[PDB]
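Asker: Mind having a look at this structure? Questions to follow.
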Amino acid sequence: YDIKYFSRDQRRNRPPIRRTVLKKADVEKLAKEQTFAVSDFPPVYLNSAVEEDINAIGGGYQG
Amino acid sequence: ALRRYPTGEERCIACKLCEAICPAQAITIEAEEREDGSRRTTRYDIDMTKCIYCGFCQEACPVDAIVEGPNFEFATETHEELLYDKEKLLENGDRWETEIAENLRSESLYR
Amino acid sequence: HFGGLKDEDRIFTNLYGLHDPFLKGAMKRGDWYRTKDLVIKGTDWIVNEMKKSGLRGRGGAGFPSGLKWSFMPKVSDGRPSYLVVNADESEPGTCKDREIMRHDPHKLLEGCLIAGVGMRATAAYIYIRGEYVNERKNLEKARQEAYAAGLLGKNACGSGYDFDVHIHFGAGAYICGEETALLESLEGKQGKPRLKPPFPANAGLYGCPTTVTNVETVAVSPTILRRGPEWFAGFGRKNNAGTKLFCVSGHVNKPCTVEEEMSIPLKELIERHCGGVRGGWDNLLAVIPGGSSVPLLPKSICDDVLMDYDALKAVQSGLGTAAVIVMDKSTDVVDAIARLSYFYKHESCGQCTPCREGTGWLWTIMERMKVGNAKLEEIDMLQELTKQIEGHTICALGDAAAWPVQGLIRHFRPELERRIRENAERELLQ
Amino acid sequence: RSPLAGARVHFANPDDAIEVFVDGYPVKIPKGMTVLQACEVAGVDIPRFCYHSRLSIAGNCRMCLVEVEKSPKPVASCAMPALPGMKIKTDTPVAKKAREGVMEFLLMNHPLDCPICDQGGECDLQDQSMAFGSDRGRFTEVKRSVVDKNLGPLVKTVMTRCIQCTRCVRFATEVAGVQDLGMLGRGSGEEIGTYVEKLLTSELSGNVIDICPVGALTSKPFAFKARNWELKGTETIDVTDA
Amino acid sequence: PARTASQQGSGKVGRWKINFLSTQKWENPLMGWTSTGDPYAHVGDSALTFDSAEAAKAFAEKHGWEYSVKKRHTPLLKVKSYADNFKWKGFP
Amino acid sequence: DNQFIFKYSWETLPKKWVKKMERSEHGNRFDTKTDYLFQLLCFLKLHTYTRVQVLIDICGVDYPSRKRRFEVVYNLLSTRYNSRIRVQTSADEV
Amino acid sequence: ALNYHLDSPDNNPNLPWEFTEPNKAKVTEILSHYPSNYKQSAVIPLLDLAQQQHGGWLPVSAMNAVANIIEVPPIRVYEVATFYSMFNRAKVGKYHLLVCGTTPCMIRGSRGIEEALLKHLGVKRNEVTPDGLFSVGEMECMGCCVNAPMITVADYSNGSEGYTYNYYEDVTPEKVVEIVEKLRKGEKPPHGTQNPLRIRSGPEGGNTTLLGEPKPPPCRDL
Amino acid sequence: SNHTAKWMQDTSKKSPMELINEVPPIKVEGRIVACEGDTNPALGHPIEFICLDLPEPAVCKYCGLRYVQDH
Ligand SMILES: Cc1cc2nc3c(=O)[nH]c(=O)nc-3n(C[C@H](O)[C@H](O)[C@H](O)COP(=O)(O)O)c2cc1C
Ligand code: SF4
Ligand code: SF4
Ligand code: SF4
Ligand code: SF4
Ligand code: SF4
Ligand code: FES
Ligand code: FES
Ligand SMILES: [Zn+2]
């Protein structure tokens with residue numbers, strides 16, 4: 001009994017696309033401003049095998 | 001298959017929602033105003049060699065006119081036999097009306 | 001503090017019609033005294049007197065009459081310009097214009113002349129509702145008497161002003177009370193109100209500049225002009241000042257129409273001139289202060305509320321036509337508001353979508369909730385529908401239909417809660 | 001910001017060009033041209049049911065409501081004249097709520113007969129409901145019903161679908177020149193047509209079905225022959241007249 | 001393609017199409033369907049949509065087939081007013 | 001999500017060939033010139049912090065309106081850093 | 001059925017309708033009351049005059065006659081007569097009884113008055129009695145709300161002359177029955193309020209205002 | 001007639017037009033009806049409201065059943 005679609009219109013309620021034309025001066029400004037640290041590098045998605053028995057999770061029953 | 005109302009009139013108005021949604025375009029329909037002003041289809045054919053048996057028409061029907069019946073053992077020796085039309089669809093609906101009605105009740109519960 | 005007018009300060013001295021309402025009675029009571037001097041004084045002078053008299057529109061809008069008259073074009077263009085006097089009262093609860101026309105018609109005619117002079121109007125049209133036929137006959141006889149005596153026509157008085165007054169009657173439509181709908185009906189079309197990019201002061205009755213003014217304001221114009229704007233501003237308080245005649249109706253002991261000073265307490269108005277509520281003040285449940293347009297008020301607010309434009313607007317309500325309809329504990333306010341919604345649905349013109357369909361939806365919802373066949377979220381939806389109808393409709397009749405339901409939801413919500421819960425319990429039992 | 005439908009503005013004189021703001025972007029507009037056409041020049045279209053460019057202006061549907069700054073109530077775009085330095089907005093919550101409410105009120109009494117309605121895929125009520133209106137319906141009570149009218153061998157009338165926009169009442173008055181159609185009645189139930197049995201007869205009578213947004217007036221020879229999406233349209237000229 | 005006369009929406013205008021004039025459709029003897037023999041029966045109306053007439057001309061010149069551009073017709077906006085809707089007739 | 005190596009690339013990648021970039025939740029997008037696409041993909045595949053060492057696919061899109069109708073799109077994945085990247089260029093028939 | 005014309009051996013366009021001589025004089029006066037080029041403004045008075053002359057209802061013949069007089073297409077007159085409530089387009093009795101029913105009267109006994117009328121006459125809403133003397137209905141608020149429940153009697157017996165749209169206020173069901181009996185017998189009851197203890201639109205018993213003799217205002221120097 | 005012979009060639013069984021003409025009109029007390037197709041609204045057609053002011057029977061336009069007002 002509280003139909004109101006302009007608030008739950010998930011299809012059309014999106015912000016407009018923003019465009020910025022960066023020139024040579026802006027590119028040089030960003031290049032000089034930016035710097036790299038040991039903590040700013042992308043994190044690694046690391047994973048490894050464990051060699052775990054089949055009956056280890058819940059005794060093989062729980063599922 | 002095509003059904004009918006309990007009175008006996010065709011259940012299918014010519015809304016043309018069948019071929020608007022039929023992904024394989026296996027349904028062709030033409031219509032005109034009847035003698036008493038009712039909107040009825042004067043031509044309604046379905047290719048059983050082009051139908052992908054997907055049920056889009058039977059769920060797009062506003063009046064539950066077209067239904068994909070429970071029958072599946074209708075293998076024919078000729079492609080022309082497999083090319084259905086309105087009279088064959090209507091006689092299929094009349095023949096399988098009771099089972100189609102039972103299935104339609106059970107599934108209209110699930111809707 | 002306010003109220004208790006004396007017979008000398010009362011404007012409509014023949015309200016109950018105990019004396020002769022014709023020309024001889026009018027002259028005896030003090031009508032057409034110095035109309036020649038008033039017309040000679042000047043249009044700008046009349047407009048200034050109205051502006052500084054504090055007079056406000058008595059038809060419900062409450063707009064200042066002086067400013068509304070000054071909105072007319074000063075330079076006489078090719079178009080003749082017109083005065084129109086709204087005698088078409090159909091809002092439930094109010095019958096003041098009926099008494100004014102029936103018992104003081106010469107006051108109305110002199111007011112038409114004065115307003116036309118002050119607004120540079122060539123002619124005046126008095127739009128009587130079709131139901132009033134005896135009042136129309138009385139006003140016709142008064143107009144013929146005035147024309148024979150020379151009070152109207154080519155020479156209204158010793159002044160050289162040209163003024164002609166005609167009266168046109170409707171055919172039983174509530175929308176025809178609206179200004180633009182009334183102009184359309186007077187044109188001979190259906191009583192469908194216009195929009196408001198063209199104001200009536202620019203393109204009105206026939207595309208000519210016309211001004212639509214209420215009977216009470218136009219009739220009290222000559223009296224306040226003759227007695228001084230200071231005298232009129234003495235009564236009442238602040239902006240809303242003067243003498244207003246209230247029709248007290250409903251479950252009161254002796255319902256009556258009485259002219260009283262503005263800003264009188266509602267309780268004092270009810271229990272001094274009318275007589276009081278049927279079973280005492282404690283028996284009072286809800287009062288609609290104006291006509292059916294404005295939202296109602298419970299007993300709690302009516303204890304101290306003041307009958308004027310501002311206090312009734314300080315609370316979520318309005319003065320409107322200042323015709324109070326009272327309801328004691330015996331009746332059911334839900335059924336009363338359901339009947340009001342039915343009236344509004346019946347009387348909507350049906351040109352604009354939110355009022356053509358929304359009024360019917362409100363009536364059906366109110367009929368359902370009278371028995372109790374509704375839900376809590378359905379009363380919330382009713383409030384939402386009221387809000388949807390209110391601001392998106394061509395004229396103020398959409399507001400007039402939305403307001404009573406909104407007020408009932410705001411004030412008497414627990415009654416609806418109890419009715420819905422009781423009906424749910426009965427349905428579960430059955 | 002090209003004008004809507006590539007439309008070209010007609011300036012009576014270059015001196016008269018007021019600068020009106022639509023959705024933040026200002027545009028130049030003639031003096032007397034309304035807010036709806038101002039936004040059309042700006043490039044945004046507003047839903048409309050009782051407005052036709054050739055016909056007159058009426059606020060029958062009350063759906064072209066936009067929020068103009070310094071105004072308590074939503075204003076009708078098709079009727080409010082554009083003033084200099086006026087800030088018009090169409091994507092505000094006020095305008096969206098107004099459109100949704102007006103669509104709900106329009107659809108509360110519309111019959112559930114779109115599949116038999118010949119305006120399937122070309123019905124302004126359907127497209128505007130799917131674009132601006134809500135996806136649900138709060139109405140479940142008794143609808144209204146209207147008996148059909150016989151208006152000749154060309155116009156088939158289903159008056160249950162009529163939204164009473166008076167677009168055809170004033171079409172016969174202004175363009176056709178024969179005053180037979182009319183809005184008669186008062187309130188929620190008001191019918192349209194002729195009081196007496198009067199078949200509408202005019203050379204331009206075929207245009208009445210064209211301007212009807214809903215499937216109220218339809219071509220009788222093309223009653224139920226085909227839908228819109230099926231038909232392929234070729235732009236040609238006529239040879240019956242000169 | 002011009003705006004449809006049935007409805008006033010203007011979101012399907014401004015696009016340009018190549019109209020392969022392929023009208024060689026007949027009726028199937030067996031089932032009465034609309035047969036064809038031209039590969040370009042529906043591609044121009046279905047898949048080929050161009051941003052502008054210049055783009056359509058460039059495509060036609062690139063692909064070599066002769067073309068003829070049809071001038072598109074555009075509505076003209078004129079001032080309308082509800083005040084002019086209520087005009088005053090002259091004296092009798 | 002995982003817009004880490006995309007930003008790191010734009011920080012470290014030479015700016016000569018980055019014709020345009022798009023930061024989207026539908027997929028980070030690089031659009032470059034056809035001359036430098038091989039060098040750009042070689043940099044991304046070999047760099048230690050943008051290791052998109054698996055090529056998901058190559059797609060084509062037809063845009064008849066544009067002068068260069070064909071759009072060649074490369075969807076790449078970095079399993080070491082767990083993120084998808086997109087690099088596209090424009091090519092015509094000849 | 002109430003917003004379109006269904007042909008009957010009466011009330012069809014083939015029958016001719018025209019005003020009598022006094023009605024023609026009244027039509028001339030009404031037209032003279034309005035500008036010559038705006039004679040359509042007189043459609044409501046002309047329709048009212050036609051309704052009084054034709055026994056209380058407007059036939060399509062009178063509709064067309066009025067449209068011809070005001071020089072407009074008949075559809076405009078049809079619209080005008082259909083829009084307004086007072087214009088009856090179906091046959092009613094010689095006496096049209098109308099009850100209010102609107103809330104200020106409904107909370108005072110309007111529903112009881114209407115049900116008493118229905119029981120006494122034996123007919124339902126908007127249905128003429130089988131004899132044809134009476135026809136009872138209701139409509140929206142009709143003024144004099146403060147004067148208790150009320151009924152209006154439209155008297156279409158003598159025609160255009162002798163037509164009375166009389167009011168009857170402060171009525172009880174017994175008083176309404178008595179008024180109906182008097183109207184059926186042929187004596188015209190005194191219209192107005194029915195309470196002998198009050199003045200028209202005044203408090204019951206003595207008045208509380210305007211007790212003294214009215215005097216001219218002191219006035220103002222002008 | 002022509003339409004029935006156009007979509008059907010059996011010309012031995014009863015066409016739906018004849019059956020729907022043979023089913024009698026349905027007399028209803030009220031001025032408006034709700035036409036649903038059968039006893040189960042969910043298994044019929046979209047609800048159609050029919051006005052019955054005209055003397056002649058009114059076809060439902062869905063499952064046409066010719067409802068007629070009582071009096
Ligand atoms: C639904 C509705 C009912 C109205 N009823 C009346 C009425 O009974 N009397 C009246 O004078 N004006 C009526 N009007 C019009 C306004 O009151 C209008 O402001 C008035 O004609 C002129 O204002 P005034 O009070 O300054 O004279 C109505 C308007 C609407 C929208
Ligand atoms: S079930 Fe068959 S006929 Fe129906 S939509 Fe699917 S493919 Fe088409
Ligand atoms: S969807 Fe149903 S009613 Fe419509 S054409 Fe198909 S079978 Fe007929
Ligand atoms: S708000 Fe709309 S429907 Fe209501 S009376 Fe006014 S114009 Fe007519
Ligand atoms: S015009 Fe109305 S009845 Fe026809 S398909 Fe559109 S929304 Fe439905
Ligand atoms: S019939 Fe169509 S064009 Fe005419 S008023 Fe109704 S909806 Fe509008
Ligand atoms: S199009 Fe403007 S109100 Fe209808
Ligand atoms: S409420 Fe009955 S006369 Fe006004
Ligand atoms: Zn049905």
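Identifiers in this document derive from the order of the structure tokens: chains are assigned A, B, ..., residues are numbered from 1 separately in each chain, and ligands are numbered from 1 in order of occurrence.
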Give me the residues near residue 16 (chain H) as a PyMOL selection string, where near means some atom within 10 Å (using only C-alpha atoms) and where sequence neighbours in that chain fewer than 2 positions away do not count.
Answerer: (chain B and resi 4-5+7-11) or (chain H and resi 4+13-14+18-22)
Asker: Could you save those same residues with C-alpha atoms as a tab-separated table (two decimals), in the first residue's frame?
Answerer:
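Dumped to selection-v5.tsv:
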```
chain	number	residue	atom	x	y	z
B	4	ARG	CA	-11.66	-23.06	-24.94
B	5	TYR	CA	-13.88	-21.48	-22.32
B	7	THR	CA	-19.19	-22.14	-22.50
B	8	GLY	CA	-17.55	-23.28	-25.74
B	9	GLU	CA	-16.13	-20.12	-27.26
B	10	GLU	CA	-12.47	-19.92	-28.23
B	11	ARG	CA	-10.34	-18.83	-25.29
H	4	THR	CA	-15.54	-19.30	-39.20
H	13	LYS	CA	-19.22	-29.82	-35.48
H	14	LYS	CA	-20.59	-26.70	-33.83
H	18	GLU	CA	-22.91	-20.92	-32.36
H	19	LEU	CA	-22.16	-22.22	-28.86
H	20	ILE	CA	-21.61	-18.72	-27.48
H	21	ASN	CA	-24.84	-17.57	-29.13
H	22	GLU	CA	-26.65	-20.58	-27.64
```
Asker: As a quick test: using only C-alpha atoms and all ligand atoms, which residues lie no more than 9 Å away from ligand 6? Give them as a PyMOL selection string.
Answerer: chain D and resi 49-50+157-159+161-171+181-183+191-193+208-217
Asker: Which residues come within 8 Å of residue 87 (chain E), counting only C-alpha atoms, excluding same-chain residues fewer than 2 positions away, as a PyMOL selection string?
Answerer: (chain C and resi 203+206-207) or (chain E and resi 83-85+89)
Asker: Could you please take those selected residues and save C-alpha atoms as a CSV table (one decimal), in the first residue's frame?
Answerer:
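Result file is again_19.csv:
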```csv
chain,number,residue,atom,x,y,z
C,203,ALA,CA,-8.7,37.8,-19.4
C,206,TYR,CA,-15.3,37.3,-22.1
C,207,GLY,CA,-11.6,37.7,-22.3
E,83,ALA,CA,-4.6,33.4,-22.8
E,84,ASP,CA,-4.9,33.3,-26.6
E,85,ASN,CA,-7.2,30.2,-26.0
E,89,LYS,CA,-14.6,38.8,-29.6
```
Asker: Residues at most 10 Å from residue 161 (chain G), counting only C-alpha atoms, excluding those fewer than 5 positions away in the same chain, as a PDB file with C-alpha atoms, in the first residue's frame?
Answerer:
```pdb
ATOM      1  CA  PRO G  22     -45.055  34.560 -23.012  1.00  0.00           C
ATOM      2  CA  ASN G  23     -42.043  32.250 -23.125  1.00  0.00           C
ATOM      3  CA  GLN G  52     -40.632  24.895 -16.785  1.00  0.00           C
ATOM      4  CA  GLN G  53     -42.772  24.929 -19.934  1.00  0.00           C
ATOM      5  CA  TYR G 156     -44.376  21.736 -12.534  1.00  0.00           C
TER       6      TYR G 156
END
```
Asker: Which protein, DNA or RNA residues have an atom within 6 Å of ligand 7, counting only C-alpha atoms and all ligand atoms, as a PDB file with N, CA and C atoms, in the first residue's frame?
Answerer:
```pdb
ATOM      1  N   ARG D  48       2.726  13.634 -21.703  1.00  0.00           N
ATOM      2  CA  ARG D  48       1.573  14.467 -21.997  1.00  0.00           C
ATOM      3  C   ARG D  48       0.465  13.594 -22.564  1.00  0.00           C
ATOM      4  N   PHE D  49      -0.769  13.890 -22.169  1.00  0.00           N
ATOM      5  CA  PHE D  49      -1.930  13.155 -22.644  1.00  0.00           C
ATOM      6  C   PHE D  49      -2.988  14.032 -23.287  1.00  0.00           C
ATOM      7  N   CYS D  50      -3.149  15.275 -22.834  1.00  0.00           N
ATOM      8  CA  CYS D  50      -4.167  16.172 -23.366  1.00  0.00           C
ATOM      9  C   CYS D  50      -3.564  17.362 -24.103  1.00  0.00           C
ATOM     10  N   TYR D  51      -2.291  17.287 -24.473  1.00  0.00           N
ATOM     11  CA  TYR D  51      -1.623  18.352 -25.208  1.00  0.00           C
ATOM     12  C   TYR D  51      -1.271  17.870 -26.606  1.00  0.00           C
ATOM     13  N   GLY D  59      -5.437  21.703 -19.363  1.00  0.00           N
ATOM     14  CA  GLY D  59      -4.839  20.933 -18.291  1.00  0.00           C
ATOM     15  C   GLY D  59      -5.676  19.743 -17.867  1.00  0.00           C
ATOM     16  N   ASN D  60      -6.113  18.935 -18.834  1.00  0.00           N
ATOM     17  CA  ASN D  60      -7.037  17.849 -18.522  1.00  0.00           C
ATOM     18  C   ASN D  60      -6.345  16.701 -17.797  1.00  0.00           C
ATOM     19  N   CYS D  61      -5.154  16.307 -18.243  1.00  0.00           N
ATOM     20  CA  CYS D  61      -4.504  15.146 -17.646  1.00  0.00           C
ATOM     21  C   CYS D  61      -3.656  15.498 -16.433  1.00  0.00           C
ATOM     22  N   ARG D  62      -3.132  16.723 -16.369  1.00  0.00           N
ATOM     23  CA  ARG D  62      -2.321  17.186 -15.241  1.00  0.00           C
ATOM     24  C   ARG D  62      -1.092  16.312 -15.014  1.00  0.00           C
ATOM     25  N   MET D  63      -0.512  15.763 -16.083  1.00  0.00           N
ATOM     26  CA  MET D  63       0.649  14.899 -15.931  1.00  0.00           C
ATOM     27  C   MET D  63       1.953  15.562 -16.347  1.00  0.00           C
ATOM     28  N   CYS D  64       1.904  16.607 -17.173  1.00  0.00           N
ATOM     29  CA  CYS D  64       3.122  17.301 -17.568  1.00  0.00           C
ATOM     30  C   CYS D  64       3.555  18.283 -16.486  1.00  0.00           C
ATOM     31  N   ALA D  76       1.714  23.115 -14.685  1.00  0.00           N
ATOM     32  CA  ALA D  76       1.486  22.418 -15.942  1.00  0.00           C
ATOM     33  C   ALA D  76       2.411  22.984 -17.011  1.00  0.00           C
ATOM     34  N   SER D  77       3.281  22.132 -17.555  1.00  0.00           N
ATOM     35  CA  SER D  77       4.228  22.589 -18.566  1.00  0.00           C
ATOM     36  C   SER D  77       3.510  23.069 -19.819  1.00  0.00           C
ATOM     37  N   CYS D  78       2.446  22.372 -20.217  1.00  0.00           N
ATOM     38  CA  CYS D  78       1.748  22.687 -21.455  1.00  0.00           C
ATOM     39  C   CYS D  78       0.965  23.991 -21.389  1.00  0.00           C
TER      40      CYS D  78
END
```
Asker: Can you pull out the residues contacting residue 21 (chain F)? Cut-off 10 Å, using only C-alpha atoms, and skip same-chain residues under 2 positions away; I want them as a PyMOL selection string.
Answerer: (chain A and resi 19) or (chain F and resi 6+10+18-19+23-24+28-32+86-87)
Asker: What do you get as a PyMOL selection string if you pick all residues at most 10 Å from ligand 2, counting only C-alpha atoms and all ligand atoms?
Answerer: chain B and resi 1+17-28+45-61+66-68
Asker: For chain E, report every residue with an atom at most 9 Å from chain F (counting only C-alpha atoms), formatted as a list in words.
Answerer: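 Written out as asked, the residues are residues 48, 49, 50, 51, 52, 54, 55, 56, 58 and 59 of chain E.
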Asker: Show me which residues line ligand 1, defined as having an atom within 7 Å of a ligand atom where only C-alpha atoms and all ligand atoms count, and present them as a count of residues only.
Answerer: 30
Asker: So that I can check the surroundings of residue 239 (chain C), please list as a list in words every protein, DNA and RNA residue that reaches within 9 Å of it, counting only C-alpha atoms and ignoring chain neighbours fewer than 3 positions away.
Answerer: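 The neighbour list is residues 54, 55, 56, 233, 236, 309 and 310 of chain C.
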Asker: Could the residues in this selection be written to a file with N, CA, C and O atoms, as a short mmCIF file (atom, residue, chain, number, x, y, z; two decimals), in the first residue's frame?
Answerer:
```
data_model
loop_
_atom_site.label_atom_id
_atom_site.label_comp_id
_atom_site.auth_asym_id
_atom_site.auth_seq_id
_atom_site.Cartn_x
_atom_site.Cartn_y
_atom_site.Cartn_z
N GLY C 54 -8.61 46.92 6.01
CA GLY C 54 -8.33 45.58 6.49
C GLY C 54 -9.29 44.51 6.03
O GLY C 54 -9.21 43.38 6.51
N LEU C 55 -10.20 44.84 5.12
CA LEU C 55 -11.18 43.87 4.65
C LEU C 55 -10.51 42.76 3.86
O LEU C 55 -9.64 43.01 3.02
N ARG C 56 -10.91 41.52 4.13
CA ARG C 56 -10.38 40.35 3.46
C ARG C 56 -11.53 39.58 2.82
O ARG C 56 -12.68 39.69 3.25
N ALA C 233 -11.71 48.39 11.07
CA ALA C 233 -10.47 47.83 11.60
C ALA C 233 -10.48 47.74 13.12
O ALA C 233 -9.66 47.01 13.69
N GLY C 236 -12.07 42.81 15.51
CA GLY C 236 -11.07 41.83 15.14
C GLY C 236 -9.70 42.19 15.69
O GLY C 236 -9.54 43.05 16.57
N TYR C 309 -9.18 34.19 10.57
CA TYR C 309 -8.33 33.63 9.53
C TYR C 309 -7.03 33.06 10.09
O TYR C 309 -6.56 32.01 9.64
N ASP C 310 -6.43 33.75 11.06
CA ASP C 310 -5.06 33.44 11.46
C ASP C 310 -4.99 32.29 12.46
O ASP C 310 -4.23 31.34 12.27
#
```
Asker: For the alpha helix (DSSP H) assignment from backbone DSSP, which residues of region 51-223 of chain D qualify? Please present them as a ChimeraX atom specification.
Answerer: /D:93-107,124-131,169-171,207-211
Asker: Starting from chain G, keep only residues with some atom at most 10 Å from an atom of chain D, counting only C-alpha atoms, and report them as a list in words.
Answerer: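 Output check: residues 1, 2, 3, 4, 5, 6, 7, 12, 13, 60, 72, 73, 74, 75, 76, 77, 78, 79, 80, 81, 82, 83, 84 and 85 of chain G.
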Asker: Mind dumping the selected residues with C-alpha atoms as a PDB file, in the first residue's frame?
Answerer:
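Below you can see part21.pdb, which holds the result:
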```
ATOM      1  CA  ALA G   1     -28.558   5.837 -19.852  1.00  0.00           C
ATOM      2  CA  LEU G   2     -28.492   9.236 -18.162  1.00  0.00           C
ATOM      3  CA  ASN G   3     -25.885  10.790 -20.490  1.00  0.00           C
ATOM      4  CA  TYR G   4     -27.165   9.846 -23.956  1.00  0.00           C
ATOM      5  CA  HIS G   5     -30.425   9.906 -25.888  1.00  0.00           C
ATOM      6  CA  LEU G   6     -32.456   6.726 -26.368  1.00  0.00           C
ATOM      7  CA  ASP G   7     -35.283   7.242 -28.840  1.00  0.00           C
ATOM      8  CA  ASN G  12     -37.041  12.438 -29.976  1.00  0.00           C
ATOM      9  CA  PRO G  13     -35.737  15.045 -32.446  1.00  0.00           C
ATOM     10  CA  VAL G  60     -34.131  16.802 -27.032  1.00  0.00           C
ATOM     11  CA  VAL G  72     -24.735  27.179 -31.490  1.00  0.00           C
ATOM     12  CA  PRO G  73     -24.358  23.516 -32.461  1.00  0.00           C
ATOM     13  CA  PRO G  74     -26.752  21.380 -30.397  1.00  0.00           C
ATOM     14  CA  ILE G  75     -23.877  19.491 -28.756  1.00  0.00           C
ATOM     15  CA  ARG G  76     -23.071  22.570 -26.655  1.00  0.00           C
ATOM     16  CA  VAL G  77     -26.632  22.680 -25.311  1.00  0.00           C
ATOM     17  CA  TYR G  78     -26.472  18.925 -24.704  1.00  0.00           C
ATOM     18  CA  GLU G  79     -23.252  19.392 -22.720  1.00  0.00           C
ATOM     19  CA  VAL G  80     -24.724  22.252 -20.689  1.00  0.00           C
ATOM     20  CA  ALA G  81     -27.931  20.393 -19.837  1.00  0.00           C
ATOM     21  CA  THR G  82     -26.017  17.207 -18.996  1.00  0.00           C
ATOM     22  CA  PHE G  83     -23.451  18.915 -16.757  1.00  0.00           C
ATOM     23  CA  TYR G  84     -25.870  20.665 -14.398  1.00  0.00           C
ATOM     24  CA  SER G  85     -27.985  18.855 -11.818  1.00  0.00           C
TER      25      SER G  85
END
```
Asker: Using only C-alpha atoms and all ligand atoms, determine which residues fall within 9 Å of ligand 9, then list them as a list in words.
Answerer: residues 34, 35, 36, 37, 38, 44, 45, 46, 47, 48, 49, 59, 60, 61, 62, 63, 64 and 65 of chain H
Asker: Using only C-alpha atoms, find which residues of chain D lie within 12 Å of chain A and jot them down as a PyMOL selection string.
Answerer: chain D and resi 91-101+103-104+129-140
Asker: Identify, with DSSP run on backbone atoms, the residues in region 9-38 of chain D assigned to strand (DSSP E or B), and express the list as a PyMOL selection string.
Answerer: chain D and resi 9+18-22+25-29+34
Asker: Kindly work out which residues sit at most 6 Å from ligand 5, using only C-alpha atoms and all ligand atoms, and give the list as a list in words.
Answerer: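 The neighbouring residues of ligand 5 are, in order, residues 113, 114, 117, 119, 120, 123, 125, 126, 161, 214 and 215 of chain D.
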Asker: Keeping only N, CA and C atoms, write the selected residues to a file as an mmCIF file, in the first residue's frame.
Answerer:
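This is the output file result.cif:
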```cif
data_model
loop_
_atom_site.group_PDB
_atom_site.id
_atom_site.type_symbol
_atom_site.label_atom_id
_atom_site.label_comp_id
_atom_site.auth_asym_id
_atom_site.auth_seq_id
_atom_site.Cartn_x
_atom_site.Cartn_y
_atom_site.Cartn_z
ATOM 1 N N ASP D 113 -8.064 -4.381 -20.484
ATOM 2 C CA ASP D 113 -8.334 -4.953 -21.795
ATOM 3 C C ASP D 113 -7.310 -4.490 -22.818
ATOM 4 N N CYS D 114 -6.051 -4.370 -22.408
ATOM 5 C CA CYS D 114 -4.990 -4.105 -23.377
ATOM 6 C C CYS D 114 -4.842 -5.205 -24.423
ATOM 7 N N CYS D 117 -7.363 -4.509 -26.832
ATOM 8 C CA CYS D 117 -7.177 -3.151 -27.320
ATOM 9 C C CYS D 117 -6.274 -3.148 -28.544
ATOM 10 N N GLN D 119 -4.523 -0.756 -29.598
ATOM 11 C CA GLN D 119 -3.317 0.031 -29.360
ATOM 12 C C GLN D 119 -2.379 -0.746 -28.437
ATOM 13 N N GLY D 120 -1.798 -1.800 -29.000
ATOM 14 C CA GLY D 120 -0.799 -2.573 -28.293
ATOM 15 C C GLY D 120 0.588 -2.267 -28.812
ATOM 16 N N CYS D 123 0.339 2.646 -27.561
ATOM 17 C CA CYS D 123 -0.587 3.290 -26.640
ATOM 18 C C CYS D 123 0.221 4.176 -25.705
ATOM 19 N N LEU D 125 -0.659 5.527 -22.990
ATOM 20 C CA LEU D 125 -0.853 5.137 -21.599
ATOM 21 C C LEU D 125 0.121 4.037 -21.196
ATOM 22 N N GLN D 126 0.308 3.038 -22.061
ATOM 23 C CA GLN D 126 1.224 1.943 -21.754
ATOM 24 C C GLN D 126 2.664 2.433 -21.662
ATOM 25 N N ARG D 161 -12.045 2.790 -22.229
ATOM 26 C CA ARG D 161 -10.630 3.131 -22.275
ATOM 27 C C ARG D 161 -10.371 4.631 -22.309
ATOM 28 N N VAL D 214 -5.113 6.697 -25.862
ATOM 29 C CA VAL D 214 -5.576 5.359 -25.516
ATOM 30 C C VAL D 214 -6.287 4.755 -26.717
ATOM 31 N N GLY D 215 -6.598 3.464 -26.644
ATOM 32 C CA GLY D 215 -7.311 2.808 -27.722
ATOM 33 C C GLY D 215 -8.810 3.022 -27.675
#
```
